[PDB]
């Protein structure tokens, strides 16, 4: 096994070290570059949300509800529970004539410290429409209603909406169903685990579909729906996360060149449209990147993901400098003195 780490220091003395796993793949999933174990069996968590949004959009009758691109971005979101996220959740419930009591997700403290601070100040108790996954849950309810399934158990494995998700995830990964494992997420849905490179593969396919659409190429229904998802995420990145959030700031900086999505417990996935940068990396099409920090540290994840974009030449120094606060996280003590930093003793291998 390779020894790929992100390391924090205090005055040059090792504080913490964190093992890094990464895969960089082409549009067919061929491995181009790796850190750590690029095939590590990994819980995709919320980084599977674009695959789940594809299952929702490929459910016949869902188009009749009139979900717009910001609604689709919400289906793809781990949102901050800003007022705009909660309002959009309730508007999406209205489009399908369902209620908050139909949701099978629960409230939680906001993923945004600033939102959560304002909640704590007002003694706000979050409810199901406040879930960071509320968009995905409304989409799954929409799919259940559309096929005339019945809604009470839309979240259970035996429900056709979860059968459709499970098949769709295996298909995008190019895996047999038995090579995908399932647990239960914080939002109370089935959540998949598969080799980390296949999370890269999903995002390479999303960006590849965007390339095919933009170029006016004939597309399958699946390619057209993947291109729609890419467009929705890139056009409404504030729905995918929120103000100050990595995914939002990343996708704003890149202005359509890529989409990126957080997985809880420090996974990350990026889908990169074909560019001079992807060609210099040795592929003629789109690219996928997937990352896992073995110990689950989010601050380290955003630092490593930003470092990998710099290493791979994706964007310009100017575009990437919008993410400087995440790339080289502040180590300023209570008296304003910088006490250390973050280092990246890992080596991309081809």
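Residue numbers count along the first chain shown, from 1.
Mean CA B-factor, 88-96 versus 264-272: the higher value falls on 88-96. Here 104-112 and 198-206 are compared by their mean Cα B-factor, and 104-112 comes out higher. In the deposited coordinates, the residue among 160, 126, 139, 242 with the greatest CA B-factor is 126. Ranking 318, 295, 307, 58 by Cα temperature factor from the entry places 318 first. Among the modelled residues of the chain, residue 164 sits in the lowest third by CA temperature factor in this PDB entry.
In the deposited entry, the Cα temperature factor of residue 280 sits in the top third of values across the chain's modelled residues. In this PDB entry, the Cα temperature factor of residue 70 sits in the middle third of its chain's modelled residues. Looking at the C-alpha B-factors along this chain, the one for residue 23 belongs to the lowest third. In the deposited entry, the Cα temperature factor of residue 34 places it in the middle third of its chain's modelled residues.
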